[PDB]
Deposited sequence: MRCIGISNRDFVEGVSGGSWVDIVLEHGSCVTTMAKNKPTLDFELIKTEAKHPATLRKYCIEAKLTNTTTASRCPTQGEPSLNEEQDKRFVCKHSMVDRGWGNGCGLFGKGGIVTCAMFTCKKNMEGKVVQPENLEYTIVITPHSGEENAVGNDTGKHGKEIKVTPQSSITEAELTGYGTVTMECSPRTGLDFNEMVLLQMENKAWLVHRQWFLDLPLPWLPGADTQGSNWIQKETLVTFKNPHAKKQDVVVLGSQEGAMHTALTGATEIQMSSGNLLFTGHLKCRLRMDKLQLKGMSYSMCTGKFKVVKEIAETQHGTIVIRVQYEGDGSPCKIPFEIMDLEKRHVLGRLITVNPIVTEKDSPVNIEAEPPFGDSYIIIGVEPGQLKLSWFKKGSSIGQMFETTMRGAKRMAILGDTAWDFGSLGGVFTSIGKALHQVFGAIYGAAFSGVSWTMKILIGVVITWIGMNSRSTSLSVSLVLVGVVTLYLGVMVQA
């Protein structure tokens, strides 16, 4: 019941013939899985951890210059020389200054000048790389037990926590009363950590693109470095000035921390202070329900009277949660629960909290159900004393199908080809849709890499216009431009 209250909640219905279903668990999201005669389960990916990061590169973001020395040379007599030019701790530059009798030079003309100052890093940021085998994902599996304090409860020990590492494809959890859930996840195909860097600056951290990180114009040390003083391209952090060709000075540029934050705009903030913790990305998992069992599948029906102890509340996804309490005898028993039409003729609503049971009489039960659009009767208990609760559900099936289409589109915009795995039962149309998405996505990704969302919108308008003024090409370009436009509206940057 931990999923109840999350806006980014998905409902995966049904398993394959082999009683499995594929799900993709995202951070900040939550998946509720339902299958016929199986317990409903809530899955949340709550933690991704990177272990044993190697340092790829340190970058200096705040430096200090000292020991500024300069040497001149009369015109036509070549380059000046400082002894400090042999030391790479010194940033140096050769310029020209006017020379003549007034400068102690028997000749007139441009003479060579060299300025050297010792470069010292004050603050640096570190780029760390982690091996995919060193990832560990924490998934929390909370069943729909109806327990009193379980609705949207992410603090208590209602759910089971499991660790998903590449060191074992199978992760099993014993859910007390529900049998065992088996998950086979893909910790190597989530975020591609071979293409990524864990960038730690002062007290914050970001997950960044590795090649972008290696192109940052700052002074750097290789991660292998130990001296901490032989900075590469220190010139990106200093500036020499020869205002009137009379004298050359050098000054360190200011701290680039604030500029790095501007540079980090479209990256995802992570934790690196005490452990490398990531709360972003997804985990594709194959959920195996074979060893799952309805808790209290072997209970008789409750015959006594129920009372509502927390009034029906609608969630953001059109389901309703109610808390009820059994007053009768015979606990533990199975709660009678039905959503019916106004005639009390057709059953109209499916349970989410499947097989709701009373375990202790004085312990109330939370029951999530999905009513139909329009009016309906939530029927609880048997006669006499049956509760007949009226509920109206706003919306329509047409509006729901449109909202399902957009969520599906948004899942593709975020997951890419992995979105075809999301509720997948190994069907043949899903493997085709995935393969065509992989080739179209690879081509699309090469063509729109690096551009901002405003550029994708401009290009989408351009391509759509080249199709509207074109033929089979006219539907292709209009389709490509419209998907491009949609992705520019959906992408964060």
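- One segment of the deposited sequence has no coordinates for C-alpha: 471-472, numbered from the first residue.
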